[PDB]
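Report on the structure given below.
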Amino acid sequence: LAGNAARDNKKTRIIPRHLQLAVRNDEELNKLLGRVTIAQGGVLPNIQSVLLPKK
DNA sequence: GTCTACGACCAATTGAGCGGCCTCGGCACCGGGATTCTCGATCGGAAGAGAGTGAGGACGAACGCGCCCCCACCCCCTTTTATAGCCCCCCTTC
């Protein structure tokens, strides 16, 4: 999953960001590592719909 | 309770794995040009406040008709008598 995230980011070397995106995107890995914090991994790019502007 | 399968413990072996050394290309940062996006500003698209039409409604109003209420009077009922023609119902003659 980390390699797939790297290709999606057009990167060839796996970095903590790719590991975090993989662990958090997978529903089962996110459950195994829910209590785990990954250094320099950041967080998933998610915004609550209610915060987005409306027309 | 029975037992023996296989794990701890030893010795000798060794090549898989780690520290050191090297490097070159994945990455990032830069810059320039192209693109997106954002939204204050013009007014298309559809809707309101405000006006006019067509339109009768309920009923306030206005007019003659009604009904009962009841003024009061008028009157008729009843009683007595004379007088007479007139009239109807009944009896009598035919």
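Following the order of the structure tokens, first chain is A, next is B, and so on, with residues numbered from 1 inside each chain and ligands from 1 in the order they appear.
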Exercise: residue 16 (chain A) partners within 10 Å, only C-alpha atoms (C1' of nucleotides), chain neighbours under 6 positions left out, as a PyMOL selection string: chain A and resi 2+22+38-42
Residue hits in chain B, query chain A, radius 12 Å, only C-alpha atoms (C1' of nucleotides), as a ChimeraX atom specification: /B:25-27
Would you mind exporting the chosen residues as a PDB file, in the first residue's frame, restricted to N, CA and C atoms (P, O5', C5', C4', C3', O3' and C1' of nucleotides)?
```pdb
ATOM      1  P    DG B  25      23.065   7.569 -11.997  1.00  0.00           P
ATOM      2  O5'  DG B  25      21.498   7.653 -11.697  1.00  0.00           O
ATOM      3  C5'  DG B  25      20.896   6.970 -10.605  1.00  0.00           C
ATOM      4  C4'  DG B  25      20.075   7.944  -9.776  1.00  0.00           C
ATOM      5  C3'  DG B  25      19.235   8.923 -10.599  1.00  0.00           C
ATOM      6  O3'  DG B  25      18.012   9.176  -9.950  1.00  0.00           O
ATOM      7  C1'  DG B  25      20.629  10.115  -9.163  1.00  0.00           C
ATOM      8  P    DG B  26      16.667   8.404 -10.364  1.00  0.00           P
ATOM      9  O5'  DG B  26      15.727   8.650  -9.098  1.00  0.00           O
ATOM     10  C5'  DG B  26      15.878   7.856  -7.935  1.00  0.00           C
ATOM     11  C4'  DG B  26      15.487   8.639  -6.692  1.00  0.00           C
ATOM     12  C3'  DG B  26      14.173   9.396  -6.798  1.00  0.00           C
ATOM     13  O3'  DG B  26      13.439   9.285  -5.588  1.00  0.00           O
ATOM     14  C1'  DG B  26      16.009  10.928  -6.536  1.00  0.00           C
ATOM     15  P    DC B  27      11.997   9.978  -5.448  1.00  0.00           P
ATOM     16  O5'  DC B  27      12.331  11.429  -4.867  1.00  0.00           O
ATOM     17  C5'  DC B  27      12.944  11.554  -3.593  1.00  0.00           C
ATOM     18  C4'  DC B  27      13.638  12.896  -3.458  1.00  0.00           C
ATOM     19  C3'  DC B  27      12.703  14.097  -3.519  1.00  0.00           C
ATOM     20  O3'  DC B  27      12.396  14.538  -2.204  1.00  0.00           O
ATOM     21  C1'  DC B  27      14.803  14.460  -4.657  1.00  0.00           C
TER      22       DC B  27
END
```
One-decimal distance in Å that lies between CA of residue 43 (chain A) and CA of residue 25 (chain A): 10.6 Å
Which of chain A fall in alpha helix (DSSP H), as a short mmCIF file (atom, residue, chain, number, x, y, z; two decimals) with N, CA and C atoms, in the first residue's frame:
```cif
data_model
loop_
_atom_site.label_atom_id
_atom_site.label_comp_id
_atom_site.auth_asym_id
_atom_site.auth_seq_id
_atom_site.Cartn_x
_atom_site.Cartn_y
_atom_site.Cartn_z
N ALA A 2 1.99 1.23 0.71
CA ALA A 2 2.89 2.38 0.73
C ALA A 2 3.50 2.63 -0.64
N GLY A 3 3.86 1.56 -1.36
CA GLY A 3 4.37 1.73 -2.71
C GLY A 3 3.34 2.32 -3.65
N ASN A 4 2.08 1.89 -3.51
CA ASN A 4 1.01 2.46 -4.32
C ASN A 4 0.84 3.95 -4.04
N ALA A 5 0.88 4.33 -2.76
CA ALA A 5 0.79 5.74 -2.40
C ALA A 5 1.96 6.53 -2.97
N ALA A 6 3.15 5.93 -3.00
CA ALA A 6 4.31 6.60 -3.57
C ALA A 6 4.12 6.85 -5.06
N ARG A 7 3.65 5.84 -5.80
CA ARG A 7 3.39 6.02 -7.22
C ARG A 7 2.30 7.06 -7.45
N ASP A 8 1.26 7.07 -6.61
CA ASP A 8 0.21 8.08 -6.74
C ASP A 8 0.76 9.48 -6.51
N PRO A 16 7.74 8.63 5.23
CA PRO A 16 6.69 8.51 6.27
C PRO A 16 5.31 8.93 5.82
N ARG A 17 5.21 9.93 4.94
CA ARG A 17 3.91 10.35 4.42
C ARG A 17 3.21 9.19 3.72
N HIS A 18 3.93 8.46 2.87
CA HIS A 18 3.33 7.33 2.16
C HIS A 18 2.91 6.24 3.14
N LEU A 19 3.71 6.01 4.17
CA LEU A 19 3.36 5.01 5.18
C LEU A 19 2.11 5.42 5.95
N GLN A 20 2.02 6.69 6.34
CA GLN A 20 0.83 7.17 7.04
C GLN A 20 -0.41 7.08 6.17
N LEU A 21 -0.31 7.53 4.92
CA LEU A 21 -1.47 7.45 4.02
C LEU A 21 -1.93 6.01 3.84
N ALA A 22 -0.99 5.08 3.69
CA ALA A 22 -1.34 3.67 3.55
C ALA A 22 -2.02 3.12 4.81
N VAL A 23 -1.40 3.33 5.97
CA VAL A 23 -1.95 2.83 7.23
C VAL A 23 -3.32 3.43 7.54
N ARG A 24 -3.53 4.70 7.20
CA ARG A 24 -4.81 5.33 7.50
C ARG A 24 -5.88 5.08 6.45
N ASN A 25 -5.50 4.91 5.18
CA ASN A 25 -6.50 4.62 4.15
C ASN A 25 -7.05 3.21 4.29
N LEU A 29 -5.57 -1.80 8.65
CA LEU A 29 -4.30 -1.32 9.18
C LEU A 29 -4.52 -0.14 10.12
N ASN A 30 -5.49 0.72 9.81
CA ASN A 30 -5.83 1.82 10.70
C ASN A 30 -6.38 1.32 12.03
N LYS A 31 -6.96 0.12 12.05
CA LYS A 31 -7.43 -0.45 13.31
C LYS A 31 -6.28 -1.08 14.08
N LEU A 32 -5.36 -1.73 13.38
CA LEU A 32 -4.19 -2.32 14.03
C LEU A 32 -3.28 -1.24 14.60
#
```
